[PDB]
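Next up: a single chain in structure tokens, the form deposited in one PDB entry.
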């Protein structure tokens, strides 16, 4: 990549300043901002919080549902001491696509709404002065970028997003924004991989810098004591009596990467890492050479009013709830999350399946593939050095039963392999139409993830005993193929309205959610090769309006304000 994905830090060599706060904001329904000088300042803005999704602040439909071009602006004072450093704007994300301007100049554009955007403003920045950033953003959905959908035009030119996916089209500046200053020669990337040697461990590494000066790499333990040191951009750190990062029992070392010249230090990058191995052996998932059974949820970045806006408070509550259920894992359904989620999983010992926004899947397919590969490259480069990340999910319910689909996913998986220094497991989640007899893509997967709704979308309610038989029939067919790979259920659930009680149970009641889960567990537990269960969803979350969604999706085990339905105890007791 042409920029660094490294999380920003503050030290003697690197500076950072937050641009979070109230920005200026303006909708552009006529698509005239770039024709009308808006990159030099918005003509009639309102205030908009950053980070946040814009939609749920407003009280009128047309602003909530806005689809098209819209603009953000803020001003910031740049300290004089940042003069002739490499100065970057760093956006946690820009959703879905956008162009960044600084002091009236076009800097960069990005497609993909869930990964960092880096804009080099070195040549236009004004140290010791007030500076301006303006972002043009667009949130339309199409079939050449992820996640896929369409854009409908109503009978007055008004656009409406039409997702091919079951989550609301939240957009805007949903993550923190920084301005940062780097040394002219800096650490741009690094990668770590691990090998266990009895009571010792090896940390294999590579470092990419923007120059040719020597690199020194140090490893510090949790209390900051030096435990290993080596020279070179590629090397091995030897760790005596290594304290491994374990499931629900984290330990983090600190890697310290120095660029030196002489004499002195030119740059220093530091990050917490965890020494751990993950591999698939037969039908088992091994973490540090011991089998682990995945227990947890698919989540969303979703909270009242903020939308997908990042807040550490949502992270804290959600992890306390996860721990209370005795979970050990979640999937970042259906897009990479803010970086802070992974930082915290590293601290709490949670396992993450990191998912690219390949959901909602012609002459457009070659362009779509380019987008998909780009998002995959960015995700893996950003997230690879988190110990929590133990697998990549490269799709959620695509078509997989044609040879075309096979050729498409071969390319995606090939790109993922070249970018992951650790070569950790790659998978994706399959929908039911990917029949064991028809699917051509499951052979690309290190382990297989199934989304299934036997007892909800298939033979629900009075037909639940038929649903169980259909489920066992399918699992028997998978069993008979003897693939010798682990299966993980990445989705199963029922919409459940908090407070809806019925005896005997009905679809949508709290009691049916319990009974459905119990049926599913009986099926899971009947097959040796099932090695994980991630329920859909951790919490009720927002979707597009329609006749099948009663204020979003209610398959949460928790409510949207993070309180447990009756089924939450069922998980807690089972996962204990």
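Each form is matched to the other, and the largest set of C-alpha atoms that superpose within 1.5 Å is called the rigid core. Numbering follows the first chain given and starts at 1.
Per the record, residue 361 and residue 362 are separated by 10 or more deposited residues that are missing from the model. Comparing 391-399 with 92-100, the higher mean C-alpha B-factor in the PDB entry belongs to 391-399. For the pair 73-81 and 300-308, the mean Cα B-factor is higher in 73-81. The maximum CA B-factor among the listed residues 217, 379, 137, 351, taken from the PDB record, is found at 217.
Within the listed group 346, 340, 383, 411, the record reports its top CA B-factor for 411. The PDB entry assigns residue 375 a C-alpha temperature factor belonging to the middle third of its chain's modelled residues. Among the modelled residues of the chain, residue 544 sits in the middle third by CA temperature factor in this PDB entry. Ranked by Cα temperature factor within the chain, residue 32 sits in the highest third according to the deposited record.
The entry lists a Cα temperature factor for residue 314 that places it in the lowest third of the chain's modelled residues. The PDB entry assigns residue 528 a C-alpha temperature factor belonging to the highest third of its chain's modelled residues.
Missing here is the form deposited in another entry; even so, the following discussion is about that form.
Just one residue from the list 221, 399, 140, 348 crosses the 2 Å line for C-alpha shift between this form and the one not shown on a rigid core fit, and it is 399.
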